[PDB]
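Okay, so here's just one chain, in structure tokens, the form deposited in one PDB entry.
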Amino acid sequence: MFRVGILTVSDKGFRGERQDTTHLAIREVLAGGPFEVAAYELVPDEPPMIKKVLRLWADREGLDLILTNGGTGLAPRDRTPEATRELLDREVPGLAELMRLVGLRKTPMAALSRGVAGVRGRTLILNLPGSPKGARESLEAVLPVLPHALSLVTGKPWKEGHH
């Protein structure tokens, strides 16, 4: 059982009424697995602010997994990967590759995500794309090895079954 934080990165999340549907898509993928969503926040497309939350969640809250979504595109404003890399002690390129659906012949556009994956302290951090469909496919691609990955990073155990 691993504590997960979902961070939705966009300035559009501070412009009034809209339901964060990507957040919901992510929860669905995790449903049933050794995961418990212990945090959820919206943050602007401002590296300083993204880093403050990631820093807080890893260093103080001690979350096991942080799934950010959005800001990984080719647009000059998408700087989630850069902001994240600067906070990582080491990266896990294999997970970044899985999120791009490399060699799966599933969704070609998924290859454009610059999202990174890495560890800070005892917290695994993955940058998922910003659309509901994108975040969903990228997370489902890593799901099979996510519990094993988290057990190594966090040193915490997990049970193979329904939760």
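Residue indices: 1-based, along the sequence shown. We call the rigid core whatever largest set of C-alpha positions still superposes within 1.5 Å between the two forms.
- The mean Cα B-factor in the deposited entry runs higher for 152-160 than for the other of 152-160 and 2-10.
- Relative to its counterpart among 69-77 and 82-90, 69-77 has the higher mean temperature factor, C-alpha atoms as listed in the PDB entry.
- When the C-alpha B-factors of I26, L56, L101, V119 are read from the PDB record, the largest value belongs to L56.
- Per the PDB record, residue ranking by Cα B-factor puts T123 in the lowest third of the chain.
- Split the chain's modelled residues into thirds by C-alpha temperature factor. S138 is in the lowest one.
- Among the modelled residues of its chain, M109 has a C-alpha B-factor that falls in the highest third, as given in the PDB entry.
- The PDB entry assigns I50 a C-alpha temperature factor belonging to the middle third of its chain's modelled residues.
- When the CA B factors of the chain's modelled residues are split into thirds, the value for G130 lands in the middle one.
Unshown form deposited in another entry; subsequent notes refer to it.
- Measuring CA movement between the shown form and the other one with the rigid core aligned, the set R55, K133, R27, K106 has one residue at 2 Å or more: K106.
- An increase of at least 3 Å in the separation of the C-alpha atoms of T68 and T107 is found in the other entry, compared with the displayed form.
- Compared with the form shown here, the C-alpha atoms of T107 and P147 sit at least 3 Å farther apart in the other entry.
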